[PDB]
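Notes for the one structure printed next.
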Amino acid sequence: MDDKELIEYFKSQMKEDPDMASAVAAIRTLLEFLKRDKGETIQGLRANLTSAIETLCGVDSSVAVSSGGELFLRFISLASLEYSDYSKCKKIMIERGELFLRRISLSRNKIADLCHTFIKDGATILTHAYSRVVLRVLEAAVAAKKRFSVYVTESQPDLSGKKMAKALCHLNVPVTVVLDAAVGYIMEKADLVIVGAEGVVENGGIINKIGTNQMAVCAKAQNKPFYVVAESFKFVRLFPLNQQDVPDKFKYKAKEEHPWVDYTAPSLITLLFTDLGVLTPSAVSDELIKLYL
Amino acid sequence: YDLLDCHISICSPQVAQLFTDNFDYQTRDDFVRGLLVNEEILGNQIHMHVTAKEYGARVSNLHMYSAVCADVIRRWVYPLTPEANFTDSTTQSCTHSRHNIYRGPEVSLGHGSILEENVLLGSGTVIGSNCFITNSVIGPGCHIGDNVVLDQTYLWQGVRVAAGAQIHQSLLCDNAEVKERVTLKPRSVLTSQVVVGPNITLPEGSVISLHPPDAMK
């Protein structure tokens, strides 16, 4: 099928269910594209898949999409070169893709189960922007008879924090909203910091919504732990050194341009909660190599 | 004059004989006094050993009962704390926290409640909102309302307390009940199944029991 069908299917899948990330939609679109092929040679199919991934990347500019596409491409073909009939190989790869899609969807519950035991009783928690996995973690924590208070940030320019505040108020939890310029003023009362992630880099740092770097520095100045929640399919191969090493195709969405993302160094992070387990920033270098088979 | 009695002694078989020859002896004090008075012959001397770095006590009335309970809570007798669970019972387990706070299993807590220090909660207890409990022991399976103040009190199993109450230094037995707008002054005792009505204020030293008032009204 052509690119117009690809874009239409992608947008329809995104719009049908709001509780879904871009990566899952991209993976489902790629699987549907795989099921609608007619070729006879493997590398022609490889070229078609690469072109499809490249076209899909141009619509939405997020880090997770490209990494998910690459992981899907190199995970689908562990053993598909044995027989001489195209049909058997195609069936085997379709089965492998279905298995991969099945295995993708169990990460959030594992993350919540591993992370909910780090919250004390009667504690104040700071957070930035909106993230669904953090909400799941908090739901699991409140299901275990614990009490805490939450501070959130308005997170300009789209006021994303108020949405998370409204979602939190539905679970009768004390939640308050502060300004974007009062983070350092309010760090005094906090006890721990939990944020989401948009991509994990080779040296252990992260890429996230603009405004995380200053919060991390302020928390480091007063010796507060910094926790990160992420997923396996968000691992990318990149080794930035400063703020200007980030590729420009991720900074500006499709100074005065207001870049949307920023990078945080591994020396300001305490622990990482992934579906692979609990890893210090030093083990990410090995785990990324092992993952990229 | 700086010795505390533990009521623990090491006795020889001969002691038994001395309790059959003298038909009038009835306690240990009588035996000690008789031995210390008659210094003629046989089985005369008595010795004492004094310790300094261990613990030992006996319970004989309410005052010493309260003192011993307070000493036990604060880990003064420790090979044995509430966390140890030396009884090997499945219904008596707890977790230790800061400021000497012990929490049993499944116990639920409301919003705004504050526990100061030296508190024990049994399994199944339910607590409302905006309470204040200090230096108290609560048995298993008790229901407590809202805006309740407990200070140096002791509650046993299956006791229900209504909202808006103030209690100080009192003991409650099994299956007691207290209605609303009740204030118990220090040193109050309630026996089994005793119920106290609302809008009352008992004076100090009150004792209430379901048995005949002084041994059908």
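Every chain in the structure tokens takes a letter, A first, then B, and so on in the order presented; its residues are numbered from 1, and the ligands are numbered from 1 following the presented order.
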Inset, instruction - With a distance threshold of 10 Å and counting only C-alpha atoms, extract the residues of chain A near chain B and express them as a list in words. - result: residues 144, 145, 146 and 147 of chain A
Same residues, N, CA, C and O atoms, saved as a PDB file, in the first residue's frame:
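Printed below is again-v3.pdb as written:
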ATOM      1  N   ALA A 144      -1.893   0.850  47.894  1.00  0.00           N
ATOM      2  CA  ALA A 144      -1.237   0.117  48.969  1.00  0.00           C
ATOM      3  C   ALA A 144      -1.352   0.821  50.316  1.00  0.00           C
ATOM      4  O   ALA A 144      -0.525   0.587  51.203  1.00  0.00           O
ATOM      5  N   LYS A 145      -2.361   1.676  50.486  1.00  0.00           N
ATOM      6  CA  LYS A 145      -2.628   2.363  51.751  1.00  0.00           C
ATOM      7  C   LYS A 145      -1.429   3.207  52.191  1.00  0.00           C
ATOM      8  O   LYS A 145      -0.792   2.951  53.213  1.00  0.00           O
ATOM      9  N   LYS A 146      -1.131   4.228  51.391  1.00  0.00           N
ATOM     10  CA  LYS A 146      -0.083   5.185  51.705  1.00  0.00           C
ATOM     11  C   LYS A 146      -0.590   6.597  51.446  1.00  0.00           C
ATOM     12  O   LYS A 146      -1.500   6.814  50.643  1.00  0.00           O
ATOM     13  N   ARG A 147       0.011   7.557  52.143  1.00  0.00           N
ATOM     14  CA  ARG A 147      -0.378   8.957  52.062  1.00  0.00           C
ATOM     15  C   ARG A 147       0.819   9.803  51.658  1.00  0.00           C
ATOM     16  O   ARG A 147       1.935   9.578  52.133  1.00  0.00           O
TER      17      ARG A 147
END
Inset, instruction - List the neighbours of residue B:166 out to 12 Å using only C-alpha atoms; skip same-chain residues closer than 6 positions along the sequence, and give me the result as an MDAnalysis selection string. - result: chainID B and resid 131:133 145:153 178:186 200:202
I need the chosen residues saved as a PDB file, in the first residue's frame, with C-alpha atoms.
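Resulting contents of again-v9.pdb:
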ATOM      1  CA  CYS B 131      -7.019  11.934  65.679  1.00  0.00           C
ATOM      2  CA  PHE B 132      -4.231  12.262  68.240  1.00  0.00           C
ATOM      3  CA  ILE B 133      -2.822   9.133  69.905  1.00  0.00           C
ATOM      4  CA  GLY B 145     -14.407   7.638  65.123  1.00  0.00           C
ATOM      5  CA  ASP B 146     -13.079  11.113  64.328  1.00  0.00           C
ATOM      6  CA  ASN B 147     -11.556  13.873  66.466  1.00  0.00           C
ATOM      7  CA  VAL B 148     -10.389  11.511  69.209  1.00  0.00           C
ATOM      8  CA  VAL B 149      -7.598  12.168  71.712  1.00  0.00           C
ATOM      9  CA  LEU B 150      -5.934   9.205  73.431  1.00  0.00           C
ATOM     10  CA  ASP B 151      -3.164   9.827  75.965  1.00  0.00           C
ATOM     11  CA  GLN B 152      -1.567   7.102  78.116  1.00  0.00           C
ATOM     12  CA  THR B 153      -4.658   4.935  77.640  1.00  0.00           C
ATOM     13  CA  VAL B 178     -18.477   4.701  74.608  1.00  0.00           C
ATOM     14  CA  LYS B 179     -21.045   7.053  73.075  1.00  0.00           C
ATOM     15  CA  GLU B 180     -20.491  10.642  71.946  1.00  0.00           C
ATOM     16  CA  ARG B 181     -19.624  13.674  74.090  1.00  0.00           C
ATOM     17  CA  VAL B 182     -17.915  11.649  76.820  1.00  0.00           C
ATOM     18  CA  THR B 183     -14.884  12.740  78.854  1.00  0.00           C
ATOM     19  CA  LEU B 184     -13.168  10.250  81.169  1.00  0.00           C
ATOM     20  CA  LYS B 185     -11.031  11.724  83.941  1.00  0.00           C
ATOM     21  CA  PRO B 186      -7.773  10.009  84.976  1.00  0.00           C
ATOM     22  CA  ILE B 200     -21.618  12.663  80.658  1.00  0.00           C
ATOM     23  CA  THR B 201     -18.376  13.456  82.479  1.00  0.00           C
ATOM     24  CA  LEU B 202     -17.163  10.886  84.990  1.00  0.00           C
TER      25      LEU B 202
END
Do a neighbour search on residue B:192 at 8 Å with only C-alpha atoms, toss out local chain neighbours closer than 3 positions, and write the hits as a compact mmCIF listing (two decimals) with N, CA and C atoms, in the first residue's frame.
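After the write, result14.txt holds the following:
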# COMPACT_ATOMS: atom_id res chain seq x y z
N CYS B 173 -11.89 -2.80 79.23
CA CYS B 173 -11.86 -4.24 79.08
C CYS B 173 -12.55 -4.65 77.78
N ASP B 174 -12.84 -5.94 77.65
CA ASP B 174 -13.35 -6.48 76.39
C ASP B 174 -14.74 -5.94 76.07
N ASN B 175 -14.95 -5.63 74.79
CA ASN B 175 -16.27 -5.32 74.24
C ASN B 175 -16.93 -4.14 74.95
N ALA B 176 -16.12 -3.17 75.36
CA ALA B 176 -16.67 -1.95 75.92
C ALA B 176 -17.17 -1.04 74.81
N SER B 209 -18.91 -1.55 86.56
CA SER B 209 -18.92 -2.98 86.25
C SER B 209 -20.36 -3.45 86.14
N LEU B 210 -20.55 -4.50 85.34
CA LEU B 210 -21.87 -5.09 85.14
C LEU B 210 -22.27 -6.03 86.27
Inset, instruction - Mind checking which residues fall within 12 Å of residue A:209, counting only C-alpha atoms, ignoring those fewer than 6 positions away in the same chain, and posting them as a list in words? - result: residues 62, 63, 128, 129, 130, 131, 155, 156, 157, 158, 160, 161, 195, 196, 197, 198, 199, 215, 250, 251, 252, 258, 259, 260, 261, 262, 263 and 264 of chain A
Inset, instruction - Go through stretch 166-201 of chain A and collect every residue that DSSP, computed from the backbone, puts in strand (DSSP E or B); the answer should be as a PyMOL selection string. - result: chain A and resi 175-178+192-195+200
Would you write out those residues with C-alpha atoms, as a PDB file, in the first residue's frame?
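File written: result.pdb
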ATOM      1  CA  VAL A 175      -2.046  18.119  44.744  1.00  0.00           C
ATOM      2  CA  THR A 176      -0.789  21.671  44.233  1.00  0.00           C
ATOM      3  CA  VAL A 177       0.425  23.597  41.180  1.00  0.00           C
ATOM      4  CA  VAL A 178       3.325  26.064  41.244  1.00  0.00           C
ATOM      5  CA  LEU A 192      12.332  13.209  46.130  1.00  0.00           C
ATOM      6  CA  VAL A 193      11.981  13.925  42.414  1.00  0.00           C
ATOM      7  CA  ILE A 194      10.359  11.608  39.859  1.00  0.00           C
ATOM      8  CA  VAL A 195      10.198  12.508  36.158  1.00  0.00           C
ATOM      9  CA  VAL A 200      17.956   7.274  26.899  1.00  0.00           C
TER      10      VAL A 200
END
Legend entry - Residue contacts of residue B:55 (9 Å, only C-alpha atoms) excluding same-chain residues fewer than 4 positions away, as a PyMOL selection string: chain B and resi 6+51+76-77
Hey, could you make a per-residue contact list for stretch 109-201 of chain B against stretch 79-91 of chain B with 10 Å as the cut-off, showing the nearest pair of atoms and its distance in Å to one decimal, counting only C-alpha atoms, sorted by chain and number, as a tab-separated table?
residue	atom	partner	partner_atom	distance
B:120	CA	B:82	CA	8.7
B:122	CA	B:91	CA	8.9
B:123	CA	B:91	CA	7.3
B:140	CA	B:91	CA	9.2
For the structure I just gave you, how does DSSP split stretch 2-214 of chain B - specifically, which residues are helix (DSSP H, G or I)? Reply as a tab-separated table (two decimals) with C-alpha atoms, in the first residue's frame.
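Resulting contents of states_16.tsv:
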chain	number	residue	atom	x	y	z
B	14	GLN	CA	15.65	-28.48	102.45
B	15	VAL	CA	13.35	-25.45	102.10
B	16	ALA	CA	10.45	-27.83	101.53
B	17	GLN	CA	11.09	-29.49	104.89
B	18	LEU	CA	11.11	-26.13	106.64
B	19	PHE	CA	7.62	-25.50	105.23
B	20	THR	CA	6.21	-28.69	106.81
B	21	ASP	CA	7.72	-28.50	110.30
B	28	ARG	CA	7.92	-16.22	101.76
B	29	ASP	CA	8.09	-13.20	104.08
B	30	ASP	CA	7.08	-15.33	107.07
B	31	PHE	CA	9.77	-17.87	106.19
B	32	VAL	CA	12.44	-15.18	105.87
B	33	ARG	CA	11.46	-13.49	109.13
B	34	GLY	CA	11.30	-16.76	111.06
B	35	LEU	CA	14.72	-17.78	109.79
B	36	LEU	CA	16.16	-14.35	110.64
B	37	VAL	CA	14.65	-14.45	114.16
B	62	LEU	CA	-2.40	-1.05	88.29
B	63	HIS	CA	0.43	1.42	88.99
B	64	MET	CA	3.23	-1.09	88.52
B	65	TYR	CA	1.34	-2.61	85.58
B	66	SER	CA	1.40	0.75	83.81
B	67	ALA	CA	5.07	1.28	84.67
B	68	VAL	CA	6.04	-2.17	83.36
B	69	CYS	CA	4.07	-1.69	80.14
B	70	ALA	CA	5.76	1.66	79.53
B	71	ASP	CA	9.18	0.10	80.15
B	72	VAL	CA	8.43	-2.80	77.78
B	73	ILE	CA	7.35	-0.49	74.94
Inset, instruction - Within 6 Å of stretch 274-281 of chain A, counting only C-alpha atoms, which residues show up once you throw out same-chain ones fewer than 6 positions away? Write them as a PyMOL selection string, please. - result: chain A and resi 107+111+204+230-231
Inset, instruction - Show which residues sit within 10 Å of stretch 15-22 of chain A, as a PyMOL selection string. Count only C-alpha atoms, and ignore same-chain residues fewer than 5 positions away. - result: chain A and resi 9-10+27+60+62+64-65+68+132
Go ahead and save the picked residues with N, CA, C and O atoms, as a PDB file, in the first residue's frame.
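File produced: out05.pdb:
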ATOM      1  N   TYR A   9      -3.761   5.476   8.150  1.00  0.00           N
ATOM      2  CA  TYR A   9      -3.828   4.449   9.183  1.00  0.00           C
ATOM      3  C   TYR A   9      -3.147   4.913  10.462  1.00  0.00           C
ATOM      4  O   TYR A   9      -3.656   4.683  11.563  1.00  0.00           O
ATOM      5  N   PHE A  10      -1.995   5.576  10.332  1.00  0.00           N
ATOM      6  CA  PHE A  10      -1.285   6.083  11.501  1.00  0.00           C
ATOM      7  C   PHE A  10      -2.145   7.072  12.280  1.00  0.00           C
ATOM      8  O   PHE A  10      -2.312   6.947  13.500  1.00  0.00           O
ATOM      9  N   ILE A  27       4.558   0.951  15.328  1.00  0.00           N
ATOM     10  CA  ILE A  27       4.805  -0.483  15.204  1.00  0.00           C
ATOM     11  C   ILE A  27       3.613  -1.175  14.557  1.00  0.00           C
ATOM     12  O   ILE A  27       3.775  -2.048  13.693  1.00  0.00           O
ATOM     13  N   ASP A  60       5.835  12.736  12.431  1.00  0.00           N
ATOM     14  CA  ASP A  60       6.014  13.049  13.842  1.00  0.00           C
ATOM     15  C   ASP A  60       7.495  12.998  14.188  1.00  0.00           C
ATOM     16  O   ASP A  60       8.165  11.997  13.917  1.00  0.00           O
ATOM     17  N   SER A  62       9.700  12.652  16.995  1.00  0.00           N
ATOM     18  CA  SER A  62       9.970  12.256  18.367  1.00  0.00           C
ATOM     19  C   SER A  62      11.061  11.198  18.365  1.00  0.00           C
ATOM     20  O   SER A  62      11.235  10.466  17.388  1.00  0.00           O
ATOM     21  N   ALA A  64      11.443   8.420  20.158  1.00  0.00           N
ATOM     22  CA  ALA A  64      11.094   7.012  20.316  1.00  0.00           C
ATOM     23  C   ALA A  64      10.738   6.347  18.992  1.00  0.00           C
ATOM     24  O   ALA A  64      10.913   5.133  18.849  1.00  0.00           O
ATOM     25  N   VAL A  65      10.241   7.113  18.021  1.00  0.00           N
ATOM     26  CA  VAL A  65       9.738   6.518  16.784  1.00  0.00           C
ATOM     27  C   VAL A  65      10.865   5.833  16.017  1.00  0.00           C
ATOM     28  O   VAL A  65      10.738   4.678  15.591  1.00  0.00           O
ATOM     29  N   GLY A  68      12.206   2.721  17.869  1.00  0.00           N
ATOM     30  CA  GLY A  68      11.265   1.625  17.745  1.00  0.00           C
ATOM     31  C   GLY A  68      11.290   1.001  16.365  1.00  0.00           C
ATOM     32  O   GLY A  68      11.253  -0.223  16.227  1.00  0.00           O
ATOM     33  N   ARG A 132       2.180   9.393  31.661  1.00  0.00           N
ATOM     34  CA  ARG A 132       1.209   8.378  32.056  1.00  0.00           C
ATOM     35  C   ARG A 132       1.819   7.346  32.994  1.00  0.00           C
ATOM     36  O   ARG A 132       1.140   6.843  33.896  1.00  0.00           O
TER      37      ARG A 132
END
